[PDB]
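Chemist: So that you have it, the file is target21.txt, and it contains compact mmCIF, C-alpha atoms:
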# COMPACT_ATOMS: atom_id res chain seq x y z
CA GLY A 1 -59.31 -25.77 29.89
CA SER A 2 -57.13 -24.32 27.16
CA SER A 3 -54.24 -22.41 28.68
CA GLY A 4 -52.11 -22.76 31.79
CA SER A 5 -51.16 -19.87 34.05
CA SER A 6 -51.80 -18.61 37.56
CA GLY A 7 -52.12 -15.08 38.88
CA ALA A 8 -53.83 -14.63 42.22
CA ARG A 9 -53.65 -10.93 43.01
CA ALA A 10 -51.02 -8.64 41.55
CA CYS A 11 -48.48 -6.61 43.50
CA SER A 12 -48.83 -6.50 47.26
CA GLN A 13 -46.23 -4.72 49.36
CA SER A 14 -46.01 -5.58 53.04
CA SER A 15 -44.31 -2.86 55.07
CA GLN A 16 -45.27 -0.13 57.51
CA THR A 17 -43.71 -0.38 60.94
CA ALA A 18 -40.67 -2.14 59.53
CA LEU A 19 -37.57 -0.06 58.91
CA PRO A 20 -34.63 -0.35 56.51
CA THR A 21 -32.05 -1.86 58.83
CA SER A 22 -28.72 -2.81 57.29
CA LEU A 23 -27.88 -4.85 60.37
CA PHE A 24 -31.16 -6.68 59.91
CA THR A 25 -30.00 -8.96 57.13
CA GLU A 26 -26.51 -9.67 58.41
CA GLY A 27 -28.13 -11.42 61.34
CA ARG A 28 -30.82 -13.28 59.44
CA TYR A 29 -28.90 -15.07 56.70
CA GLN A 30 -25.50 -14.75 58.34
CA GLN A 31 -24.79 -18.43 57.85
CA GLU A 32 -26.07 -18.19 54.29
CA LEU A 33 -23.45 -15.67 53.26
CA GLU A 34 -20.95 -18.11 54.71
CA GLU A 35 -22.54 -20.92 52.74
CA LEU A 36 -22.29 -19.23 49.36
CA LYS A 37 -18.70 -18.56 50.37
CA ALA A 38 -18.39 -22.31 49.97
CA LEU A 39 -21.08 -22.99 47.39
CA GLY A 40 -19.15 -20.83 44.96
CA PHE A 41 -19.25 -17.23 46.15
CA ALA A 42 -17.84 -14.82 48.70
CA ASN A 43 -19.33 -11.42 47.96
CA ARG A 44 -21.44 -11.36 51.10
CA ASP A 45 -22.98 -8.00 50.27
CA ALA A 46 -23.90 -9.38 46.87
CA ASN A 47 -24.87 -12.69 48.43
CA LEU A 48 -27.16 -10.73 50.72
CA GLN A 49 -28.58 -8.30 48.18
CA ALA A 50 -29.49 -11.45 46.28
CA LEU A 51 -30.59 -13.45 49.30
CA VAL A 52 -32.82 -10.67 50.59
CA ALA A 53 -34.06 -10.53 47.01
CA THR A 54 -35.13 -14.14 47.39
CA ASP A 55 -36.48 -13.51 50.87
CA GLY A 56 -33.18 -14.88 52.13
CA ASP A 57 -33.49 -18.01 50.02
CA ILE A 58 -29.86 -18.91 49.43
CA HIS A 59 -31.16 -21.42 46.91
CA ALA A 60 -32.75 -18.70 44.82
CA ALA A 61 -29.81 -16.54 45.80
CA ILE A 62 -27.36 -18.96 44.22
CA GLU A 63 -29.03 -18.92 40.82
CA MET A 64 -29.16 -15.15 41.11
CA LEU A 65 -25.52 -15.13 42.14
CA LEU A 66 -24.79 -17.61 39.37
CA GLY A 67 -25.61 -14.86 36.90
CA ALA A 68 -29.32 -15.42 36.42
CA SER A 69 -30.55 -11.86 36.76
CA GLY A 70 -33.39 -12.05 34.26
CA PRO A 71 -34.45 -8.53 33.30
CA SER A 72 -32.09 -6.19 31.49
CA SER A 73 -31.92 -2.48 30.74
CA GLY A 74 -28.86 -0.82 32.21
Kindly return the structure encoded in the file as structure tokens.

Modeler:
Amino acid sequence: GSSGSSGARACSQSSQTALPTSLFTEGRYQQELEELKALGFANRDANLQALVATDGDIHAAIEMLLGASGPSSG
């Protein structure tokens, strides 16, 4: 005991048979987009791009939609 931090593997993509379907996220977190529209958003596309970014976790989406990107570069 001295430091505190967890790792457990590093990088692990999970995709093969799956395909990039645009109409595959508008049917998953459809209600979500509507939620943010009330939580304090509206930009569905953005709400999605963020949601999908959080695995469709509106919660994590909010923060991300709140302006909590994190990394910066351009």

Chemist: Pull the closest atom pair for each residue of stretch 38-62 of chain A that gets at most 9 Å from stretch 19-33 of chain A, along with the distance in Å to one decimal, counting all atoms listed in the file, ordering rows by chain and then ascending residue number, as JSON lines.

Modeler:
{"residue": "A:38", "atom": "CA", "partner": "A:33", "partner_atom": "CA", "distance": 9.0}
{"residue": "A:41", "atom": "CA", "partner": "A:33", "partner_atom": "CA", "distance": 8.4}
{"residue": "A:42", "atom": "CA", "partner": "A:33", "partner_atom": "CA", "distance": 7.3}
{"residue": "A:43", "atom": "CA", "partner": "A:33", "partner_atom": "CA", "distance": 7.9}
{"residue": "A:44", "atom": "CA", "partner": "A:33", "partner_atom": "CA", "distance": 5.2}
{"residue": "A:45", "atom": "CA", "partner": "A:33", "partner_atom": "CA", "distance": 8.2}
{"residue": "A:46", "atom": "CA", "partner": "A:33", "partner_atom": "CA", "distance": 9.0}
{"residue": "A:47", "atom": "CA", "partner": "A:33", "partner_atom": "CA", "distance": 5.9}
{"residue": "A:48", "atom": "CA", "partner": "A:33", "partner_atom": "CA", "distance": 6.7}
{"residue": "A:51", "atom": "CA", "partner": "A:29", "partner_atom": "CA", "distance": 7.8}
{"residue": "A:52", "atom": "CA", "partner": "A:25", "partner_atom": "CA", "distance": 7.3}
{"residue": "A:56", "atom": "CA", "partner": "A:29", "partner_atom": "CA", "distance": 6.3}
{"residue": "A:57", "atom": "CA", "partner": "A:32", "partner_atom": "CA", "distance": 8.6}
{"residue": "A:58", "atom": "CA", "partner": "A:32", "partner_atom": "CA", "distance": 6.2}

Chemist: Have a look at atom CA of residue A:72 and atom CA of residue A:49 and let me know their distance in Å, one decimal.

Modeler: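 Calculated distance between atom CA of residue A:72 and atom CA of residue A:49 is 17.2 Å.
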
Chemist: Go ahead and compute the interatomic distance for atom CA of residue A:67 and atom CA of residue A:14, in Å to one decimal.

Modeler: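 We find that atom CA of residue A:67 and atom CA of residue A:14 lie 27.6 Å from each other.
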
Chemist: How many Å separate atom CA of residue A:62 from atom CA of residue A:37?

Modeler: 10.6 Å

Chemist: Would you mind telling me which residue in A:34, A:3, A:74, A:69 lies nearest to residue A:53 when using only C-alpha atoms?

Modeler: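 Under the stated criterion, the closest residue is A:69.
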